[PDB]
Structures are given as structure tokens and as C-alpha cells.
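Just so you know, structure 1 and structure 2 below are the same protein chain in two forms, each on its own as C-alpha cells.
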Structure 1
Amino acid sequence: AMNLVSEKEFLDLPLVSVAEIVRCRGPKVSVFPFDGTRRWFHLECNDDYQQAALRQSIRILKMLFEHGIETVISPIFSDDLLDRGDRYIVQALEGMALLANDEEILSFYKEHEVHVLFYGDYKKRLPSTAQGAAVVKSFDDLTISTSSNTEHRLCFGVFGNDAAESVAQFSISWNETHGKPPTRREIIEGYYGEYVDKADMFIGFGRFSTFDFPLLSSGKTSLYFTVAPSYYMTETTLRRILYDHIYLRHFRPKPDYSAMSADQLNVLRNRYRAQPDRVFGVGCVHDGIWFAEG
């Protein structure tokens, strides 16, 4: 049915058709960090910062969900920020508050039936200030009020870089009360607040690297790196990524290599020896910004 759709068709299909294919073939869980906010704004907008990023974020989340992806995991704030200015810190908490209180995004969560969750070490690492305690309350509240939404799940990562200590404490308490260690499923439910399947793909940008989706990484998490920041994500780019993951990463059926002609195995040998030192991930720097070569 959907097994032999070509990339050309995939790229031409109506949005609703792509969604049906994804809903059926995956990716079910996609990691999409929001980063490069500052440079995107100053490069593609230069109204108000926080609002521009907020709406742009909604645009992309809307895009991801309308393409049929059930769950999106979005790291948005990592430890690093506590080591930045105080004004920079306040700025962050304001952005955090937006995701949980701003009217336009709350409307978005409702219209697209999105259940929102927060993960990470923010309850411990967020400033003990009034603003910080308010953010935590807002996070807990949004998670509960949107729990009736079932179409999509959105997991925001706030200091969600290393869950080791958190898993340890959760397991100890779980064993104390239950008498047995929690299962993997229960460990995940404890960290994300709900069970979430392993990530099927991660879309980053710039330097090849992944981060902030503990417990959900697998050799099957397809990795992609766009040249431009998260906010630049176009329709075409997303579809080419979805197509690669669905149809190309795990090609079927596979051939019986022991049954290939001498020429085939020879053309293949040449594909590998062609450019003997070819490697993706090595880059060059321009204006302090790293860009992948080749």
C-alpha cells in the first residue's frame, strides 16, 4: 500500500496523506531540540524576541504534529544556562513560563490535542526564587490539565541531560514501596512522567551531536543535522528526513550478498575506496560558527 511510495510522490502528497503514512509507519517519537534562537532571530527577523521564538516554535511543533508524529521530545534548556548572566537566567524562566501559561500556545495544545510534559532536573536545579517555584508549579499544572489530550504528546526538556542519579533515586523509592525493582517501562514513566517509546529520530543542526533524551536513545534513533538552526526547518526538509527514515534507513528486502555478481561487489568496493578518507562530521569554522564539510 504505502510501501513503495516514491520520494517524489512523498514530496508532492497532501499534508493529510503524509500524516497517515507516518501514523502507520512512524516515526512515532521524534526528538527536535530548539536551539540557535538568538542567531535565527537576528538573522531572519531583524519584532519581540520571546514572542518571535514562541510563535516560530509553535509553527514547527504544529508542522511536526501535522505530519503525523505522535510524540515530540524537545530539549529547550540545559545546565549551561545557570552559568550565564542573571538577566539571561530570568529571560529563560520567562520563556519557560510562556510554554506553560501563554494563551496562544495553550490554545495550540487544545486545538491539536497535545498532552504536555516536562522532564529533567529542573525541580532541583531551578532557582529557589519565587519565579523558579512558580515555573515548577506551572509545569506540574500544565501536565495535569492537558493529560486528557490524546492526539499528541510533547515532552519539554529542562535540564534533562543526565538521568542517572534520578533513575537511581526513583528505583530505590520504587523498590521500597513495591518490594521489587521497577521495570524499564516504569523507569521511563518515572522520568518522563508517562511511558514513551524509544526515539525513532533526532533532528539537530550544526555540529553533529545529540543530547537530552535520556533512556530513549537506540541504534535505531535515526540522526539528522540541518545546516541552519531549528527554526529554519522547512516543509521540504522535514519530508526528506521523514522519507529517509521510513523508507531508506531500514531497506527491505535486503539482497543475498553472497549471490551478487563480481561487478556489483566490485562497484561497491569502489564506493568505499573511492574517497578513502571521506567522513561526515568534520567541519570548518566561519565567524565562530562551525559548518559541516562535504
Structure 2
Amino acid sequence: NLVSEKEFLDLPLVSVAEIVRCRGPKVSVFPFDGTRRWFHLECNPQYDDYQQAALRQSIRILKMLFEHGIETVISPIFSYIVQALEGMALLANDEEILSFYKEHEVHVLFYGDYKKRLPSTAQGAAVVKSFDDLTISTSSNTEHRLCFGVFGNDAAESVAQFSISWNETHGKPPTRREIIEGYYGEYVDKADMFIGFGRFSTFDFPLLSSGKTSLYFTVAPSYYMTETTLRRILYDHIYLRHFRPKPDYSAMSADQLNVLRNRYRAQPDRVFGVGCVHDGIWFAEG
């Protein structure tokens, strides 16, 4: 599929979705991060509704990922709380997002230790109940999958308990496939990519990470994400992360090898991830 970045970017949406459904990413993890900084810069914190402002951008981006062919999107939403709980509730009660789930035929699942960790209060109990009801009401949807992580960072103990019960009722240990399904609600393949923000770090997609998960870190908060940016990330994943023919130094020009060698020996301390702080804000050097 000999294609240039610019060309990929100029391609019509439905053509990108098609490529994506053939070459992946099939599963993308995308935590909406830096929302606080985003709000203060792109909104009016004096009057604007933080909750709704955020919700709107979440829908816009989730829509964009799905229209580009991505089957499953994993999104950690919670890794003060009254407003943290109100935001979660909006994900299962807001009419605009519910319309979005229906229109795009999205099956919404939740993962994490939220049944235990959420406050044992009226507000906490409602959120938990809202989650279960949403998974049930959107269960007829089969076009896309959306997994929201709430306390979904350390699955060890959850997998241990799930496994013990499983073996008890089946007489044998669950396969990796069954374990994934037990934790997320449905089988999901290993993440093909994770789109982070700022400081290089990833989180909350337990059991789904592999050496094959392409990692990206945006400079600007997640809500600045545009279609062009997503397509540049997609192009890198599809055409560059596993570029073929694979390198065969054994047959590279002596001149090309020399430049390469000089580059490494001159900048042996060039490391992406090493940043600098300006006014309290961390910036990746490059």
C-alpha cells in the first residue's frame, strides 16, 4: 500500500476506515488527559460548564476514532469526587452521548475495581448501577466497542479471584482469552496503540499491552486533537512502525552506514522522554 503521509491525509474518511479495518489499529487506548490545562486555555473557567465542555470534546474525539475505522477504543476515565462521579454519570445518562452510542452502534463496557473503590454512598451506588445498565442497553450494538476504565490499573487480584471461581465451575484454568473477557466483559485483542500526553507514561489497559503496542505522546492536551493529528499518528502506525523491507544493514551503502554511525556517536545522549520544565510545565525536549 505504497502511500505518502500527505496522500494518506488527503484520502476520504471512508477510505481511511477501510485501510484501518484491514491494517489496524483494531484496539486503541486513548485517555483524555490534560483537560484541566485545556479548560483554562480554551474555555472561560469563570462561567463555562467544565463537565459539559469536557463531555462535548470526549464525544467529538470518540466519534473521530470510530469513523476512522477503529473497532475498540479503551479510555481510562478515572485512575472533588462528587464532581468526579458526576462526570462518570454523564457518560451513561447524557442524552447527546447516548444518541452517539446509538447512532454509531457502540457497545459500552466498564472495567476496573470501581464496584469496590467507588464511594459507598447514594451517588456512588447510582454510578455503579448506571454503568451496568448502559452495558446492558447498548449490548445490541455491534459496530464498535468502548471500554471506560474506572480504577482499572492493577488487575492482578481480580484475575486471581476470577481464575479461582472459573476453575471451580469448569474444572480447569481459564485461557488467556477467557481471562481478558472476564476482566473487560468481552474478549479484546492487545492494544495496537496508546495515545498519551505530556510526560511519557502509559496506564490502565492491564493485560492488553505488548511490545507491539505503538506508543505516542501528544504535546498538547488531548482535547486539542484534530483529524489531521490522528491521521499522522495512524500513518506512522500503519506504514512506519512496521516498514518493509525490514532493515538489512548487511546491505546498506558504506556512506549511509557511516552517517548513521556518526549520528549515534555524536548524540549518544539524545533521549526522547527527557524534557525540561517551564513555569511548572513539563515539555518533551524534541
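C-alpha atoms forming the largest set that superposes within 1.5 Å between two forms make up the rigid core. Structure 1's sequence is the ruler for residue numbers, which start at 1. Shifts are known only where both forms have a C-alpha.
K.L.:
For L268, state whether the C-alpha moves by 2 Å or more between structure 1 and structure 2 after rigid core superposition.
P.N.:
True for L268: a C-alpha shift of 2 Å or more.
K.L.:
Quick one: how many Å does the C-alpha of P255 shift between structure 1 and structure 2 once the rigid core is superposed?
P.N.:
The shift comes out to 4.7 Å.
K.L.:
Enter the rigid core superposed C-alpha shift of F280 between structure 1 and structure 2, rounded to one decimal in Å.
P.N.:
Between its two positions, the C-alpha of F280 lies 0.4 Å apart after core fitting.
K.L.:
Go ahead and list the segments of at least 3 residues in a row whose C-alphas all shift 2 Å or more between structure 1 and structure 2, with the rigid core as the reference fit.
P.N.:
Run with every C-alpha shifted by at least 2 Å: 253-274, nothing else.
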